[PDB]
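Q: compute the structure for the input listed below.
(chains A, B, C, D, E and F, ligands or ions: 4)
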Amino acid sequence: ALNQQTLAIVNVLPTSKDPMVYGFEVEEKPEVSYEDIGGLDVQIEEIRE
Amino acid sequence: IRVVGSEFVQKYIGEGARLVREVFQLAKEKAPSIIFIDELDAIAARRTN
Amino acid sequence: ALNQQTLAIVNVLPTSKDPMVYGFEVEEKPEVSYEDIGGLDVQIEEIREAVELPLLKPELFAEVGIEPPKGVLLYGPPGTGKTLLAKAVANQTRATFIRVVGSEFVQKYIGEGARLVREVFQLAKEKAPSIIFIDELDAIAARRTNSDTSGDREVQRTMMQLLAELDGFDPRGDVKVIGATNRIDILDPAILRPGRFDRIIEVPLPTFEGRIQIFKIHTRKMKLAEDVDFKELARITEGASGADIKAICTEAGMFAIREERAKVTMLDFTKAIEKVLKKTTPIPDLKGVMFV
Amino acid sequence: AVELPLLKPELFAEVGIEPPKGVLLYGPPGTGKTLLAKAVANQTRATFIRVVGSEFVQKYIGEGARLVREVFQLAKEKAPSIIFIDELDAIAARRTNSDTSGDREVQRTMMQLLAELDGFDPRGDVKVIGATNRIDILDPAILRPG
Amino acid sequence: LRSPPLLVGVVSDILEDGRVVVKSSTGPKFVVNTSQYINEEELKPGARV
Amino acid sequence: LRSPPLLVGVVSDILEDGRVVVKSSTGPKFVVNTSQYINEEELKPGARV
Ligand SMILES: Nc1ncnc2c1ncn2[C@@H]1O[C@H](COP(=O)(O)OP(=O)(O)OP(=O)(O)O)[C@@H](O)[C@H]1O
Ligand SMILES: Nc1ncnc2c1ncn2[C@@H]1O[C@H](COP(=O)(O)OP(=O)(O)OP(=O)(O)O)[C@@H](O)[C@H]1O
Ligand SMILES: [Mg+2]
Ligand SMILES: [Mg+2]
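A: Numbers count the residues shown, from 1 in each chain, chains lettered A, B, ... in the order given. Ligands and ions are numbered 1, 2, ... in the order given. I have put the structure below:
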């Protein structure tokens, strides 16, 4: 925020602007979990290794 | 971070290379990180000599 | 409300429109119903289950356990009658039909504009239940230039504002998003991504049974003297779209004027198909001298 | 197709078919397609809108869009009227995929043209008469009769 | 007022509190009060003023 | 907080009449003078000033 009669900074405004997702889809901490997939039990154990 | 195989490749290329560079960039920024890279049979293929 | 020379909040202003939003509804229900659209025949049921059904009762969709659509695409050839399916929905949903062009959210300066994409959905929520159709996404689902700079930021922002909002105002029907596209193999996934939309209804130029009904509905209004069979014509004009079938109906009747007649006959139709179909994907004329 | 329902809508009405919504002209250039258009203009006398498809599209996005809304909106009040747009390949031409700077703007303009014709909207009695220099340089959408 | 300087603005929407939102052709929209030198019936979204 | 504002621009071309045209990032183009500590040997067209 600038004191606009000198256009010098008087205050950093918290939040600091909401970022814009690129390289979509990005899922920071996915909701699909390994319990939410079955039947490929042995594939789980391999991809973990 | 998901990049699909549909975005990947164009009739002549340069933009296709930028988005590999894009997900590499985000991964560094937003570590730990898992870059999902489908569908590798339309962007990787047999070499010609 | 802010003051000009001081800029302090003095009042609240209730927004619901701007001129652009005003031209987007309501037309107090069109002339097309499912009465006035011929068979497809199965894809009529599907489009009904995707929109109309959760609309009256998101309680029954949640109760069961199933996710309703997060958006609806109609995808298929032009002139199979899609924006035509959208007017039909409008008559029987009785739910305010927003008609907006995806070209109008991308505008010359910035948040004319981007503000507008969030504005259509605010409207949607108070007008609910609704029923926003946007319409041929080719400028809100466009791929990124990287960059055209005046052009590209607008198309990129506005693309993201569509998808993020639908995801978030719909776990369950409240505002249904419906739409359509001509082409989608020209552009990258955004609405072809399965983490945003998940219901794409294939709507194709019509089955045999479908063709007959369309000829029937067009001819319903036409004056005729009976020797006509719609089914034979339907066979000839196999592989044609719903609008080709309309184009033949309109020419057969013009043909009748040339004959000095106002009743259409089977002869009148068959000529009418020949003109059209020949300017169109083709008619056979040889099966070799080595086959029948 | 044009002079007949414009000047006497009764006769199309009597059969039960719709009036024509237009004429597409194609083939070899220089055979007199736009010449013909000036020929019908002298005998309709019912307000001949002259635009060109390269006078559509301007320097920012959505000004073009604006222009396409602006011809049709005017045309509904004067209807019947003739909108003769010289090139429809100049506002909507076949692509494999867009490559994107100039290429995207083309489908942007195309969306706007469809919509109004009888896409959804009442057409009144327009009667958008097109032309193209080359046989096949359009999209199927325009190609398609209706 | 009837003299220039005059500015065309085009009505954005009309409020019943006794004000009108006008989108000016300059850029900014503003709220200005009604007068008995107009009718708001004649005003509509897209009304030049 | 009272810190003076200086407009940013990039040199357009260097004139031989001891002045430089610097096109601002506001939009307009200006013919600007110069200080007695800053010289045209240290400027090049596309020099930020
Ligand atoms: N099944 C049908 N019943 C009645 N009319 C039909 C049918 N299908 C198509 N038509 C006719 O086709 C024309 C409408 O085409 P419309 O513009 O609605 O196409 P769309 O498939 O949404 O296309 P675009 O891909 O160009 O956006 C009208 O003349 C309409 O009557
Ligand atoms: N039937 C005709 N008799 C005489 N001259 C004609 C005739 N048809 C066309 N011409 C002349 O041919 C020239 C070009 O025709 P016009 O400009 O009308 O063509 P077009 O087919 O629409 O072209 P473009 O591809 O350049 O848009 C003009 O000088 C026109 O007068
Ligand atoms: Mg359509
Ligand atoms: Mg010509």
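
Q: residue A:46 - how many residues pack around it?
A: Residues contacting residue A:46 under the criterion other Cβ atoms under 10 Å in any protein chain shown number 8. C-beta: built from backbone N, CA, C; applies to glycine.

Q: sec struct for it, please.
A: helix (DSSP: H, G, I helix; E, B strand; the rest coil).

Q: so who does it touch?
A: Counting by Cβ atoms under 8 Å, 6 or more residues apart in numbering or on different chains, residue A:46 touches no other residue.

Q: residue A:36 versus that one, what's the distance?
A: 18 Å (Cβ to Cβ, to the nearest Å).

Q: return the nearest residue of chain E with respect to chain F.
A: residue E:27 (14.7 Å; Cβ to the nearest Cβ).

Q: tally of neighbours for residue 16?
A: Reading this off chain A. Neighbours of residue A:16 using other Cβ under 10 Å come to 7.

Q: my question was about chain E
A: So residue E:16, with other Cβ under 10 Å, has 8 neighbours.

Q: A helix includes the residue of chain E closest to chain F, no?
A: No. Assessed with three-state DSSP, residue E:27 is coil; it does not lie in a helix.

Q: and stretch A:22-37, does that touch chain B?
A: Yes. Shown here: stretch A:22-37 in contact with chain B (Cβ under 8 Å from any Cβ of the partner chain) through A:22, A:23, A:24, A:25, A:26, A:27, A:28.

Q: and chain A, which residues reach chain C?
A: So chain A meets chain C at A:20, A:21, A:24, A:25, A:27 (Cβ under 8 Å from any Cβ).

Q: how about a cut-off of 10 Å?
A: A:20, A:21, A:22, A:24, A:25, A:27 (Cβ under 10 Å from any Cβ of the partner chain).

Q: likewise for chain E?
A: Residues of chain E lying close to chain C by Cβ under 10 Å from any Cβ are E:10-17, E:19, E:21, E:23, E:27-31, E:44-47.

Q: quick one: buried ones out of these?
A: Using 16 or more other Cβ atoms under 10 Å in any protein chain shown as the burial test, those include E:11-15, E:19, E:21, E:23, E:29-31, E:45, E:47 as buried.

Q: so which of those residues are in strands?
A: The strands, defined by DSSP state E, take in E:11, E:12, E:13, E:14, E:19, E:21, E:23, E:29, E:30, E:31 from these.

Q: of these, which is the nearest to residue B:9?
A: Nearest to residue B:9 among those: residue E:23, at 44.6 Å, using Cβ to Cβ.

Q: relative to residue C:202, how far out is that closest one?
A: 42 Å.

Q: cool, residue A:48 as well?
A: In terms of Cβ to Cβ, residue A:48 sits 39 Å off from residue C:202.

Q: now for the residue in chain E that chain C sits nearest to: which residues touch it?
A: Per Cβ to the nearest Cβ, residue E:45 is where chain E lies closest to chain C, at 4.2 Å. Residues in contact with residue E:45 (Cβ atoms under 10 Å, 6 or more residues apart in numbering or on different chains) are C:17-23, E:10-14, E:21, E:23.

Q: going by distance to ligand 2, which of those wins?
A: residue C:23 (33.7 Å; Cβ to the nearest ligand atom).

Q: show the backbone phi and psi for whatever residue of chain E ends up closest to chain B.
A: Closest contact between chain E and chain B, by Cβ to the nearest Cβ, is at residue E:27 (34.5 Å). Residue E:27 adopts backbone torsions of phi 150, psi -90, taken as degrees, to the nearest 10.

Q: excluding sequence neighbours, find me the nearest residue to residue E:46.
A: residue C:19 (4.6 Å; Cβ to Cβ, 6 or more residues apart in numbering or on different chains).

Q: and the residue of chain A nearest ligand 1?
A: For chain A, Cβ to the nearest ligand atom, closest residue to ligand 1: residue A:24, 26.6 Å.

Q: distance of that residue from residue C:192?
A: Distance from residue A:24 to residue C:192, by Cβ to Cβ: 12 Å.

Q: repeat that for residue E:49.
A: Per Cβ to Cβ, residue E:49 is found 45 Å from residue C:192.

Q: before we move on, back to that, wouldn't the residue of chain A closest to ligand 1 be in contact with residue B:1 here?
A: Yes. With contacts counted by Cβ atoms under 10 Å, residue A:24 reaches residue B:1, the gap being 8.3 Å.

Q: I'd say residue A:47 and residue A:34 touch.
A: Yes. Here residue A:47 reaches residue A:34: they are 9.3 Å apart, a contact under Cβ under 10 Å.

Q: okay, those two: which has more neighbours?
A: Neighbours were counted for residue A:47 and for residue A:34 using other Cβ under 10 Å; residue A:34 has more, 12 against 8.

Q: which ones are touching the more buried one?
A: A:40, A:41, A:44, A:45, A:47, A:48.

Q: which of these count as buried?
A: Using 16+ other Cβ under 10 Å, no member of the contacts of residue A:34 is buried.

Q: could I get these as TSV with distance to residue F:38?
A: Listed next are the contacts of residue A:34 as TSV, based on distance: Cβ to Cβ, whole Å:
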residue	distance to residue F:38
A:40	69
A:41	73
A:44	67
A:45	69
A:47	62
A:48	63
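
Q: in chain A, what residue is nearest chain C?
A: Closest point on chain A to chain C, by Cβ to the nearest Cβ, is residue A:25, at 4.6 Å.

Q: run through the bridge partners of the nearest residue in space to residue E:29 that is not next to it in sequence.
A: Excluding the flanking residues, the one nearest residue E:29 by Cβ to Cβ, 6+ apart is residue E:23, at 4.6 Å. Residues in a beta bridge with residue E:23, per DSSP bridges, are residue E:10, residue E:29.

Q: isn't residue E:23 right up against residue E:7?
A: No. Under the criterion of Cβ under 10 Å, residue E:23 is not in contact with residue E:7, lying 11.8 Å apart.

Q: rewinding a little: widest-spaced pair of the contacts of residue E:45?
A: Top of the distance list for the contacts of residue E:45 (Cβ to Cβ): C:23 and E:21, 16.9 Å.
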